[PDB]
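Engineer: My structure is in final-v6.cif, and what it holds is mmCIF, C-alpha atoms:
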data_input
#
loop_
_atom_site.group_PDB
_atom_site.id
_atom_site.type_symbol
_atom_site.label_atom_id
_atom_site.label_comp_id
_atom_site.auth_asym_id
_atom_site.auth_seq_id
_atom_site.Cartn_x
_atom_site.Cartn_y
_atom_site.Cartn_z
ATOM 1 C CA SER A 19 -24.551 14.211 -8.745
ATOM 2 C CA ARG A 20 -21.512 16.396 -8.090
ATOM 3 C CA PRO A 21 -22.142 20.140 -7.612
ATOM 4 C CA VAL A 22 -20.419 22.604 -9.946
ATOM 5 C CA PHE A 23 -20.646 26.412 -9.900
ATOM 6 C CA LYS A 24 -20.470 28.279 -13.213
ATOM 7 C CA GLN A 25 -20.002 32.033 -12.910
ATOM 8 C CA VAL A 26 -18.991 35.077 -14.960
ATOM 9 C CA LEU A 27 -16.231 37.242 -13.488
ATOM 10 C CA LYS A 28 -15.393 40.739 -14.721
ATOM 11 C CA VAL A 29 -11.778 41.859 -14.252
ATOM 12 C CA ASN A 30 -10.837 45.515 -14.710
ATOM 13 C CA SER A 31 -7.075 45.841 -14.308
ATOM 14 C CA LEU A 32 -4.485 44.345 -16.636
ATOM 15 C CA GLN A 33 -2.462 42.966 -13.719
ATOM 16 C CA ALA A 34 -5.333 40.827 -12.435
ATOM 17 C CA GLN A 35 -6.552 39.652 -15.843
ATOM 18 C CA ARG A 36 -3.004 38.599 -16.725
ATOM 19 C CA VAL A 37 -2.847 36.644 -13.455
ATOM 20 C CA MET A 38 -6.272 35.161 -14.236
ATOM 21 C CA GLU A 39 -5.281 34.232 -17.772
ATOM 22 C CA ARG A 40 -2.014 32.333 -17.272
ATOM 23 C CA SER A 41 -2.933 30.557 -14.022
ATOM 24 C CA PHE A 42 -6.623 30.023 -13.185
ATOM 25 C CA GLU A 43 -7.226 27.107 -15.562
ATOM 26 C CA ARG A 44 -4.007 25.369 -14.518
ATOM 27 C CA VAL A 45 -4.720 26.041 -10.829
ATOM 28 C CA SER A 46 -8.307 24.773 -10.907
ATOM 29 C CA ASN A 47 -7.101 21.681 -12.753
ATOM 30 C CA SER A 48 -4.438 21.296 -10.054
ATOM 31 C CA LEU A 49 -6.982 21.636 -7.234
ATOM 32 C CA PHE A 50 -9.052 18.986 -9.025
ATOM 33 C CA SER A 51 -6.126 16.571 -9.346
ATOM 34 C CA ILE A 52 -5.293 17.071 -5.657
ATOM 35 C CA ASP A 53 -8.817 16.195 -4.506
ATOM 36 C CA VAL A 54 -8.668 13.074 -6.688
ATOM 37 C CA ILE A 55 -5.161 11.896 -5.779
ATOM 38 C CA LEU A 56 -5.919 12.395 -2.080
ATOM 39 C CA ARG A 57 -9.102 10.317 -2.347
ATOM 40 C CA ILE A 58 -6.959 7.566 -3.891
ATOM 41 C CA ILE A 59 -4.505 7.660 -0.979
ATOM 42 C CA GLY A 60 -7.436 7.350 1.420
ATOM 43 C CA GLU A 61 -5.517 8.171 4.607
ATOM 44 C CA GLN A 62 -7.527 10.888 6.367
ATOM 45 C CA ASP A 63 -4.309 11.905 8.145
ATOM 46 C CA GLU A 64 -2.618 12.918 4.889
ATOM 47 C CA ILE A 65 -5.899 14.285 3.495
ATOM 48 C CA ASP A 66 -6.307 16.734 6.377
ATOM 49 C CA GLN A 67 -2.597 17.600 6.293
ATOM 50 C CA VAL A 68 -2.680 18.541 2.600
ATOM 51 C CA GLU A 69 -6.076 20.262 2.839
ATOM 52 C CA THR A 70 -4.548 22.355 5.635
ATOM 53 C CA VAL A 71 -1.362 23.424 3.828
ATOM 54 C CA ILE A 72 -3.422 24.452 0.797
ATOM 55 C CA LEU A 73 -5.818 26.370 3.054
ATOM 56 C CA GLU A 74 -3.041 28.302 4.803
ATOM 57 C CA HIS A 75 -1.247 29.320 1.601
ATOM 58 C CA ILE A 76 -4.517 30.734 0.264
ATOM 59 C CA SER A 77 -5.169 32.283 3.686
ATOM 60 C CA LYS A 78 -1.780 34.021 3.892
ATOM 61 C CA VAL A 79 -2.200 35.666 0.479
ATOM 62 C CA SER A 80 -5.757 36.679 1.384
ATOM 63 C CA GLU A 81 -4.602 38.094 4.724
ATOM 64 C CA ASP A 82 -1.861 40.115 3.018
ATOM 65 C CA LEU A 83 -4.260 41.338 0.318
ATOM 66 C CA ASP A 84 -6.589 42.651 3.030
ATOM 67 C CA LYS A 85 -3.748 44.344 4.924
ATOM 68 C CA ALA A 86 -2.513 46.044 1.752
ATOM 69 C CA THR A 87 -6.095 47.026 0.905
ATOM 70 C CA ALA A 88 -6.699 48.389 4.414
ATOM 71 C CA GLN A 89 -3.492 50.450 4.442
ATOM 72 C CA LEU A 90 -3.997 51.854 0.940
ATOM 73 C CA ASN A 91 -7.682 52.572 1.583
ATOM 74 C CA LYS A 92 -6.528 54.619 4.576
ATOM 75 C CA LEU A 93 -4.249 56.657 2.296
ATOM 76 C CA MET A 94 -7.343 57.439 0.198
ATOM 77 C CA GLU A 95 -9.388 58.914 3.040
ATOM 78 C CA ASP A 96 -6.230 60.482 4.481
ATOM 79 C CA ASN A 97 -5.942 62.235 1.100
ATOM 80 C CA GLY A 98 -9.678 62.719 0.533
ATOM 81 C CA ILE A 99 -10.414 60.494 -2.472
ATOM 82 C CA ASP A 100 -13.805 58.782 -2.747
ATOM 83 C CA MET A 101 -13.699 57.740 -6.420
ATOM 84 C CA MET A 102 -12.039 54.969 -8.423
ATOM 85 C CA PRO A 103 -11.070 54.740 -12.091
ATOM 86 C CA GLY A 104 -12.716 53.237 -15.109
ATOM 87 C CA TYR A 105 -10.747 50.831 -17.265
ATOM 88 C CA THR A 106 -10.077 50.782 -20.993
ATOM 89 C CA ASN A 107 -11.172 47.187 -21.679
ATOM 90 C CA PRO A 108 -12.352 44.916 -18.859
ATOM 91 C CA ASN A 109 -12.659 41.207 -19.574
ATOM 92 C CA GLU A 110 -15.395 38.788 -18.543
ATOM 93 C CA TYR A 111 -14.294 35.221 -17.803
ATOM 94 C CA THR A 112 -16.688 32.293 -17.455
ATOM 95 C CA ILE A 113 -15.225 30.023 -14.774
ATOM 96 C CA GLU A 114 -16.169 26.660 -13.287
ATOM 97 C CA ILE A 115 -15.930 26.140 -9.527
ATOM 98 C CA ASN A 116 -15.625 22.493 -8.477
ATOM 99 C CA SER A 117 -13.837 22.935 -5.128
ATOM 100 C CA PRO A 118 -14.437 25.721 -2.604
ATOM 101 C CA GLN A 119 -10.680 26.337 -2.776
ATOM 102 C CA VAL A 120 -11.119 27.055 -6.494
ATOM 103 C CA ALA A 121 -13.620 29.733 -5.477
ATOM 104 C CA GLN A 122 -11.025 31.007 -2.996
ATOM 105 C CA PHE A 123 -8.376 31.422 -5.705
ATOM 106 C CA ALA A 124 -10.856 33.225 -7.962
ATOM 107 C CA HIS A 125 -11.778 35.403 -4.980
ATOM 108 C CA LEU A 126 -8.078 36.194 -4.531
ATOM 109 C CA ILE A 127 -7.983 37.466 -8.124
ATOM 110 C CA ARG A 128 -10.896 39.788 -7.327
ATOM 111 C CA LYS A 129 -9.081 41.134 -4.261
ATOM 112 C CA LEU A 130 -6.045 41.642 -6.500
ATOM 113 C CA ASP A 131 -8.187 43.458 -9.076
ATOM 114 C CA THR A 132 -9.631 45.570 -6.255
ATOM 115 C CA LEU A 133 -6.207 46.428 -4.822
ATOM 116 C CA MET A 134 -4.973 47.424 -8.291
ATOM 117 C CA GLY A 135 -7.909 49.801 -8.587
ATOM 118 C CA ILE A 136 -6.806 51.465 -5.354
ATOM 119 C CA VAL A 137 -3.178 51.640 -6.516
ATOM 120 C CA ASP A 138 -4.321 53.208 -9.793
ATOM 121 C CA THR A 139 -6.387 55.796 -7.906
ATOM 122 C CA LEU A 140 -3.441 56.818 -5.722
ATOM 123 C CA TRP A 141 -1.178 56.917 -8.784
ATOM 124 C CA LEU A 142 -3.620 59.049 -10.794
ATOM 125 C CA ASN A 143 -4.016 61.303 -7.736
ATOM 126 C CA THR A 144 -0.215 61.734 -7.371
ATOM 127 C CA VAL A 145 -0.258 59.999 -3.977
ATOM 128 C CA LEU A 146 1.934 57.147 -5.283
ATOM 129 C CA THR A 147 5.005 57.498 -7.481
ATOM 130 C CA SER A 148 4.920 55.946 -10.933
ATOM 131 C CA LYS A 149 7.786 53.778 -9.661
ATOM 132 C CA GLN A 150 5.994 52.405 -6.594
ATOM 133 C CA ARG A 151 2.897 51.640 -8.652
ATOM 134 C CA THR A 152 5.042 49.386 -10.845
ATOM 135 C CA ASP A 153 6.645 47.899 -7.722
ATOM 136 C CA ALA A 154 3.163 47.038 -6.438
ATOM 137 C CA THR A 155 2.033 45.932 -9.903
ATOM 138 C CA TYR A 156 4.925 43.471 -10.202
ATOM 139 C CA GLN A 157 5.069 42.174 -6.629
ATOM 140 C CA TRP A 158 1.348 41.483 -6.220
ATOM 141 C CA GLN A 159 1.164 39.873 -9.661
ATOM 142 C CA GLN A 160 4.165 37.700 -8.766
ATOM 143 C CA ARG A 161 2.534 37.079 -5.369
ATOM 144 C CA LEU A 162 -0.462 35.272 -6.875
ATOM 145 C CA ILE A 163 1.814 33.565 -9.414
ATOM 146 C CA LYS A 164 3.848 32.177 -6.505
ATOM 147 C CA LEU A 165 0.626 30.708 -5.099
ATOM 148 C CA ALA A 166 -0.216 29.099 -8.449
ATOM 149 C CA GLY A 167 3.231 27.504 -8.537
ATOM 150 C CA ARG A 168 3.018 26.370 -4.913
ATOM 151 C CA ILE A 169 -0.394 24.727 -5.352
ATOM 152 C CA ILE A 170 0.886 22.844 -8.401
ATOM 153 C CA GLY A 171 3.991 22.004 -6.382
ATOM 154 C CA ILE A 172 1.742 20.467 -3.730
ATOM 155 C CA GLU A 173 0.017 18.511 -6.501
ATOM 156 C CA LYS A 174 3.395 17.264 -7.750
ATOM 157 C CA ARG A 175 4.471 16.258 -4.241
ATOM 158 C CA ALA A 176 1.128 14.478 -3.842
ATOM 159 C CA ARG A 177 1.811 12.455 -7.003
ATOM 160 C CA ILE A 178 5.128 11.274 -5.562
ATOM 161 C CA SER A 179 3.392 10.492 -2.271
ATOM 162 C CA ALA A 180 0.879 8.397 -4.217
ATOM 163 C CA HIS A 181 3.723 6.778 -6.169
ATOM 164 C CA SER A 182 5.394 5.788 -2.885
ATOM 165 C CA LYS A 183 2.137 4.067 -1.849
ATOM 166 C CA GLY A 184 2.010 1.939 -5.009
ATOM 167 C CA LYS A 185 -1.104 3.871 -6.106
ATOM 168 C CA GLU A 186 0.748 5.226 -9.144
ATOM 169 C CA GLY A 187 -0.995 3.517 -12.062
ATOM 170 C CA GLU A 188 -4.306 4.456 -10.451
ATOM 171 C CA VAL A 189 -3.347 8.143 -10.623
ATOM 172 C CA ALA A 190 -2.402 7.969 -14.315
ATOM 173 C CA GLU A 191 -5.935 6.734 -15.069
ATOM 174 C CA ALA A 192 -7.978 8.809 -12.614
ATOM 175 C CA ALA A 193 -6.280 12.199 -13.073
ATOM 176 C CA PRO A 194 -3.339 12.619 -15.452
ATOM 177 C CA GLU A 195 -1.033 15.560 -14.866
ATOM 178 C CA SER A 196 -1.390 18.668 -17.018
ATOM 179 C CA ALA A 197 1.465 20.590 -18.594
ATOM 180 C CA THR A 198 2.318 23.909 -16.934
ATOM 181 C CA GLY A 199 2.598 26.370 -19.812
ATOM 182 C CA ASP A 200 3.822 29.328 -17.744
ATOM 183 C CA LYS A 201 7.520 29.211 -16.886
ATOM 184 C CA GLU A 202 7.245 31.397 -13.778
ATOM 185 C CA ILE A 203 4.613 29.007 -12.420
ATOM 186 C CA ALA A 204 6.425 25.883 -13.641
ATOM 187 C CA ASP A 205 9.719 26.940 -12.051
ATOM 188 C CA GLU A 206 8.019 27.727 -8.729
ATOM 189 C CA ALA A 207 6.385 24.280 -8.929
ATOM 190 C CA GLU A 208 9.739 22.922 -7.705
ATOM 191 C CA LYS A 209 8.745 23.453 -4.111
ATOM 192 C CA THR A 210 8.963 19.636 -4.277
ATOM 193 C CA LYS A 211 12.459 19.411 -2.765
#
What do you get writing this file as structure tokens?

Structural biologist:
Amino acid sequence: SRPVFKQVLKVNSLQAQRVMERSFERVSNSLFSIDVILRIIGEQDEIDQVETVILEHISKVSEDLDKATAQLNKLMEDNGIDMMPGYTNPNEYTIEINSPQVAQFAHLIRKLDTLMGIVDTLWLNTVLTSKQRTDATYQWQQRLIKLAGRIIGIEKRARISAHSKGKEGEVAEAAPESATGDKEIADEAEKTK
């Protein structure tokens, strides 16, 4: 009755498979709880407002990932590099896609994995310092982790919105909240204030 997309996703770089590991399950559970809590609140005004804010936070990170990919791909042709590296142990992850936004987050991880492959090419080809590879490794990792925490923060602020509409006990039954096992994500979840 409800459509669900099951897919296998290969991730090459360690930065993107670490981001995938400590966030994708919690994020796709958060996107699920949001779609359920919003259907309990009913008000199409709030539904479209929350659907929008989630869309634009995923859009901003996607827009920045493309800009960083476009700039760094220019540095490759500027420097005459047409190849990209193999990886010691890539991982395959079987994922379930219930929302199209869940697909968007998983697509963001692929763009991250792609951008890391470009960074690693420029670093192996002495175009990028060892220091500015780590600065890109940390910041883009932390960039997706900030999104994970913000999405969950939107979920948490939706639960208080549902509480303020008396629909609280309904939420506890329909979609209970999941523990956030990653501290970086859990701390960022306090975009509630």

Engineer: From the list A:43, A:173, A:61, A:69, which residue is nearest residue 193 in chain A when using all atoms listed in the file?

Structural biologist: A:173

Engineer: Pull out every residue that the PyMOL selection byres ((chain A and resi 114) around 8) matches in the shown coordinates and put them as a list in words.

Structural biologist: residues 22, 23, 24, 25, 112, 113, 115 and 116 of chain A

Engineer: Rank A:82, A:191, A:64, A:53 by their smallest atom-to-atom distance to residue 162 in chain A, using only C-alpha atoms, and report the top residue only.

Structural biologist: A:82

Engineer: Which one is closest to residue 87 in chain A: A:28, A:185, A:40, A:129? Count all atoms listed in the file.

Structural biologist: A:129

Engineer: Take the PyMOL selection byres ((chain A and resi 164) around 12), run it mentally on this structure, and tell me the resulting residues as number ranges by chain.

Structural biologist: A: 37, 41, 45, 75-76, 78-79, 156-163, 165-171, 200-209

Engineer: Can you tell me how far CA of residue 111 in chain A sits from CA of residue 123 in chain A, in Å to one decimal?

Structural biologist: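 CA of residue 123 in chain A lies at a distance of 14.0 Å from CA of residue 111 in chain A.
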
Engineer: With the PyMOL selection byres ((chain A and resi 133-138) around 8) as the selection, what would be picked from this file? Answer as a list in words, please.

Structural biologist: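 On the file shown, the PyMOL selection byres ((chain A and resi 133-138) around 8) covers residues 31, 33, 34, 83, 86, 87, 90, 91, 102, 103, 129, 130, 131, 132, 139, 140, 141, 142, 146, 151, 154 and 155 of chain A.
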
Engineer: In Å, rounded to a single decimal, give me how far CA of residue 148 in chain A is from CA of residue 109 in chain A.

Structural biologist: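 Value for the CA of residue 109 in chain A-CA of residue 148 in chain A distance: 24.5 Å.
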
Engineer: Scan for residues within 9 Å of the point (-11.6, 21.0, -3.5) in the coordinates of the file, using only C-alpha atoms, and reply as a list in words.

Structural biologist: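 Neighbouring residues, ordered by chain and number, come to residues 46, 49, 50, 52, 53, 69, 116, 117, 118, 119 and 120 of chain A.
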
Engineer: Give me, as a tab-separated table, each residue of range 38-145 of chain A that comes within 10 Å of range 178-182 of chain A, together with its shortest interatomic pair and the distance in Å at one decimal, counting all atoms listed in the file, with rows ordered by chain and rising residue number.

Structural biologist:
residue	atom	partner	partner_atom	distance
A:55	CA	A:180	CA	7.2
A:56	CA	A:180	CA	8.2
A:58	CA	A:180	CA	7.9
A:59	CA	A:180	CA	6.3
A:64	CA	A:179	CA	9.7

Engineer: For CA of residue 29 in chain A and CA of residue 97 in chain A, quote the distance in Å rounded to one decimal.

Structural biologist: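 Straight-line distance from CA of residue 29 in chain A to CA of residue 97 in chain A works out to 26.2 Å.
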
Engineer: How big is the axis-aligned box around the listed atoms of range 176-188 of chain A once 3 Å is added on each side, and where is its centre? Give both in Å to one decimal, as AutoDock Vina command-line options.

Structural biologist:
--center_x 0.5 --center_y 8.2 --center_z -7.0 --size_x 15.7 --size_y 18.5 --size_z 16.2

Engineer: With N, CA and C atoms as the atom set, please write range 180-206 of chain A from the structure just given, as a JSON list (two decimals), in the first residue's frame.

Structural biologist:
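As written to disk, result_7.json reads:
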[["chain", "number", "residue", "atom", "x", "y", "z"],
["A", 180, "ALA", "N", 3.27, 19.72, 18.35],
["A", 180, "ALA", "CA", 2.16, 18.79, 18.53],
["A", 180, "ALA", "C", 1.71, 18.74, 19.98],
["A", 181, "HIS", "N", 2.65, 18.85, 20.92],
["A", 181, "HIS", "CA", 2.29, 18.90, 22.33],
["A", 181, "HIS", "C", 1.41, 20.11, 22.63],
["A", 182, "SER", "N", 1.75, 21.27, 22.05],
["A", 182, "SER", "CA", 0.98, 22.49, 22.26],
["A", 182, "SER", "C", -0.40, 22.43, 21.62],
["A", 183, "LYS", "N", -0.66, 21.46, 20.74],
["A", 183, "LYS", "CA", -1.97, 21.27, 20.16],
["A", 183, "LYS", "C", -2.71, 20.11, 20.80],
["A", 184, "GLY", "N", -2.30, 19.69, 22.00],
["A", 184, "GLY", "CA", -2.95, 18.60, 22.70],
["A", 184, "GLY", "C", -2.78, 17.24, 22.07],
["A", 185, "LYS", "N", -2.17, 17.17, 20.88],
["A", 185, "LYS", "CA", -1.97, 15.92, 20.16],
["A", 185, "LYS", "C", -0.75, 15.15, 20.67],
["A", 186, "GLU", "N", -0.46, 15.24, 21.97],
["A", 186, "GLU", "CA", 0.79, 14.68, 22.47],
["A", 186, "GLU", "C", 0.70, 13.16, 22.62],
["A", 187, "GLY", "N", -0.31, 12.67, 23.35],
["A", 187, "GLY", "CA", -0.44, 11.24, 23.53],
["A", 187, "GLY", "C", -0.61, 10.48, 22.23],
["A", 188, "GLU", "N", -1.14, 11.15, 21.20],
["A", 188, "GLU", "CA", -1.23, 10.55, 19.88],
["A", 188, "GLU", "C", 0.16, 10.32, 19.29],
["A", 189, "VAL", "N", 1.08, 11.25, 19.51],
["A", 189, "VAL", "CA", 2.43, 11.13, 18.98],
["A", 189, "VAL", "C", 3.17, 9.97, 19.64],
["A", 190, "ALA", "N", 3.04, 9.84, 20.97],
["A", 190, "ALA", "CA", 3.72, 8.76, 21.68],
["A", 190, "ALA", "C", 3.33, 7.39, 21.14],
["A", 191, "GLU", "N", 2.09, 7.24, 20.66],
["A", 191, "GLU", "CA", 1.64, 5.98, 20.10],
["A", 191, "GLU", "C", 2.01, 5.82, 18.63],
["A", 192, "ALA", "N", 1.84, 6.88, 17.84],
["A", 192, "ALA", "CA", 2.04, 6.77, 16.40],
["A", 192, "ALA", "C", 3.52, 6.66, 16.05],
["A", 193, "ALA", "N", 4.35, 7.52, 16.64],
["A", 193, "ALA", "CA", 5.78, 7.56, 16.31],
["A", 193, "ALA", "C", 6.56, 8.01, 17.53],
["A", 194, "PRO", "N", 7.03, 7.08, 18.35],
["A", 194, "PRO", "CA", 7.88, 7.46, 19.49],
["A", 194, "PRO", "C", 9.22, 7.99, 19.01],
["A", 195, "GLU", "N", 9.82, 8.84, 19.84],
["A", 195, "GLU", "CA", 11.10, 9.44, 19.49],
["A", 195, "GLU", "C", 12.24, 8.45, 19.73],
["A", 196, "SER", "N", 13.24, 8.50, 18.86],
["A", 196, "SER", "CA", 14.40, 7.63, 18.95],
["A", 196, "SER", "C", 15.56, 8.36, 19.60],
["A", 197, "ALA", "N", 16.37, 7.61, 20.34],
["A", 197, "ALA", "CA", 17.56, 8.18, 20.96],
["A", 197, "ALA", "C", 18.58, 8.55, 19.89],
["A", 198, "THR", "N", 19.27, 9.66, 20.11],
["A", 198, "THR", "CA", 20.30, 10.14, 19.19],
["A", 198, "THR", "C", 21.66, 9.74, 19.77],
["A", 199, "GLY", "N", 22.25, 8.69, 19.22],
["A", 199, "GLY", "CA", 23.46, 8.11, 19.78],
["A", 199, "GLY", "C", 24.73, 8.88, 19.52],
["A", 200, "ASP", "N", 24.71, 9.83, 18.59],
["A", 200, "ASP", "CA", 25.88, 10.61, 18.22],
["A", 200, "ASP", "C", 25.81, 11.97, 18.90],
["A", 201, "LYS", "N", 26.84, 12.30, 19.69],
["A", 201, "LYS", "CA", 26.79, 13.52, 20.48],
["A", 201, "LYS", "C", 26.82, 14.77, 19.60],
["A", 202, "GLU", "N", 27.64, 14.76, 18.55],
["A", 202, "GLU", "CA", 27.69, 15.91, 17.65],
["A", 202, "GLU", "C", 26.33, 16.19, 17.04],
["A", 203, "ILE", "N", 25.60, 15.13, 16.67],
["A", 203, "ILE", "CA", 24.26, 15.30, 16.14],
["A", 203, "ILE", "C", 23.29, 15.69, 17.24],
["A", 204, "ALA", "N", 23.39, 15.04, 18.41],
["A", 204, "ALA", "CA", 22.47, 15.32, 19.50],
["A", 204, "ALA", "C", 22.62, 16.74, 20.02],
["A", 205, "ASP", "N", 23.85, 17.25, 20.08],
["A", 205, "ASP", "CA", 24.05, 18.61, 20.55],
["A", 205, "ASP", "C", 23.50, 19.62, 19.55],
["A", 206, "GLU", "N", 23.73, 19.39, 18.26],
["A", 206, "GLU", "CA", 23.17, 20.25, 17.22],
["A", 206, "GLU", "C", 21.64, 20.19, 17.20]]
